[PDB]
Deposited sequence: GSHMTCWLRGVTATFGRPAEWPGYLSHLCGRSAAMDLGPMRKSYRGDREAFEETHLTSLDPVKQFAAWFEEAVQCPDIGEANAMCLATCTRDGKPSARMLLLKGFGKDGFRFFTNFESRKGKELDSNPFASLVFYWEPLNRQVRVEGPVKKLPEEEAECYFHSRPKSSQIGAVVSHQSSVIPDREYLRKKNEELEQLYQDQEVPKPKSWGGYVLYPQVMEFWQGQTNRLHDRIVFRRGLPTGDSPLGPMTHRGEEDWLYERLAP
């Protein structure tokens, strides 16, 4: 089926994302519909990328949780701009999001951290994410010891652990097609004869595949 401007669910790309995300979640052949690739880079243009989970989305943007002292956390703190890719192979769909990133409030991060299974909370205390470690037994040992320490106790959120929110400035909706002639509808914040008004300060236009 065609992916067409006149059959979008919404000209607010966050609501269009919600529509596609719901379809992904309802597809039995998709495991984690909220898996996404996060691209970051140094201020002088050395890029990096890794898989993350989306952990909430709405008008203020796309939220995710990590260690601020990891390789991505140092890049985001020095250069607060990122890009996201969602790829849903069984739907032949891709969503791209570009925007600036801010840290979430500490009390929000505390709340999310304590909502996680206790084993994941202890894992976050164990791991100085992306630091060099000697072997896997080092993690297994420290993890077992922290299980003793936190028996019947609350696990404190590490000072270095928290969340980010990416405020969308660009959102591309890609629908795959034959002959490599895909449908691309791209929203950007802001008129040319091929540029169209969406909701709020959004504009949208079609890009060649």
| property | result |
| --- | --- |
| Deposited-sequence segments unaccounted for in the coordinates | 1-48, 239-245 |
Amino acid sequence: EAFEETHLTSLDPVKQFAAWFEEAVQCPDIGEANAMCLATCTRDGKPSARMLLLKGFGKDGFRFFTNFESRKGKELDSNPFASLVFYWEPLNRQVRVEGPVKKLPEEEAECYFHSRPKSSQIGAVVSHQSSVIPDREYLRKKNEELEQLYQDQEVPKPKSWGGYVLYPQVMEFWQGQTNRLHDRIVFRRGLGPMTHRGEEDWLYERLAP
From here on, numbers count along this sequence of modelled residues.
{"query": "Per the entry, higher mean C-alpha B factor between 89-97 and 104-112", "finding": "104-112"}
{"query": "22-30 or 46-54, whichever carries the higher mean Cα B-factor", "finding": "22-30"}
{"query": "CA B-factor placement of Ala2, once the chain's modelled residues are sorted into thirds", "finding": "highest"}
{"query": "Among modelled residues of the same chain, the CA temperature factor third for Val125", "finding": "middle"}
{"query": "Record-listed C-alpha B factor of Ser131: chain third", "finding": "middle"}
{"query": "Third of the chain's Cα B-factor distribution that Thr40 belongs to, per the entry", "finding": "lowest"}
{"query": "Third assignment of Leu84 from its chain's C-alpha B-factors", "finding": "lowest"}
